[PDB]
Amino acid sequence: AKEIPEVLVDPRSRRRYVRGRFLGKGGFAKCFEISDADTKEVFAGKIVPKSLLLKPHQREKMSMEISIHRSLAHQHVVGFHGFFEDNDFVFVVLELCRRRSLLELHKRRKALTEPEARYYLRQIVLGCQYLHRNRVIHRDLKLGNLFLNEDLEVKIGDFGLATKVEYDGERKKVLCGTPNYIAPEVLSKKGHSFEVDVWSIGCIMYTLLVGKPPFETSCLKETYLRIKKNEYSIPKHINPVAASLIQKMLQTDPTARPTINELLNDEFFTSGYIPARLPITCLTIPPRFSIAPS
């Protein structure tokens, strides 16, 4: 049956982690709060049984995720704190993000206020700017892997579909996985690069401001059809400045979209209010951003 250890030992680093509260599954992984027995620090452990990694192609995908994520360090990227293995499991040690993800926020709040959307989108963009400048395309940016720490700071996570651009002008021809907010050039199998991440942020912005994703249908294949045909509409109550930026990012032609470095210079950010921080209450109650308290 094979059972997960209660204490996880890294023989190289000599660090031991006591397995705590179950957090949920993430793909092939069962995830847990894990705490270092010496420093008492808490991390999110991702635990993958090798019995699900029998195919070299699976191991290579798991290897590449680790290889990419371990190379990154940024305020808006999930912290990578180690990985190790025994004969039965791969153990990955990640930054624990105690407020889960924007997916759980979205399920509770639906459409956010515009300043909340600017706030989160700014941090998503800063993290993605960092990725692209280090030649990493994430390829799976979605509400569920945009994690939130205690301070409601965004941490981009789940590098399971990410890839490294190895040379200038390289077009990736293959994406082995099913991303949520999939760019049309991936779907049409015509070669893709960094612009797919800007498509996805486009979709995240729409979802954050509208309360639902732009191309949703009752069948994934019908969704793909719509994406390829660029069949979406922005509700009339969305402000023209926001709607303009969504439109720019959601263009069929990847070369037409803004690049990650242009986004924060958009009128959407520069001429609107961006809170310095959000109160914890924003997880459940719309903020009014009032100037003083009564």
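Throughout, we count residues from 1 along the sequence that is shown.
Engineer: Quick check: 172 to 180 versus 155 to 163, which has the larger average CA B-factor in the record?
Structural biologist: Result of the comparison: 172 to 180.
Engineer: So 102 to 110 or 213 to 221, which one's hotter by mean CA B-factor in the entry?
Structural biologist: For C-alpha atoms only, the mean B-factor is higher in 213 to 221.
Engineer: So where's residue 203 on the chain's Cα temperature factor ranking, which third?
Structural biologist: Its C-alpha B-factor belongs to the middle third of this chain's values.
Engineer: Using the temperature factors of the C-alpha atoms in this entry, rank residue 67 within its chain: lowest, middle or highest third.
Structural biologist: Residue 67: CA B-factor falls in the lowest third of its chain.
Engineer: Comparing residue 87 with the other modelled residues of its chain, is its CA B-factor in the lowest, middle or highest third?
Structural biologist: As the PDB entry reports it, the C-alpha B-factor of residue 87 lands in the middle third of its chain.
Engineer: How does the C-alpha B factor of residue 192 compare with the rest of the chain: lowest, middle or highest third?
Structural biologist: Tercile = middle for this residue's CA B-factor.
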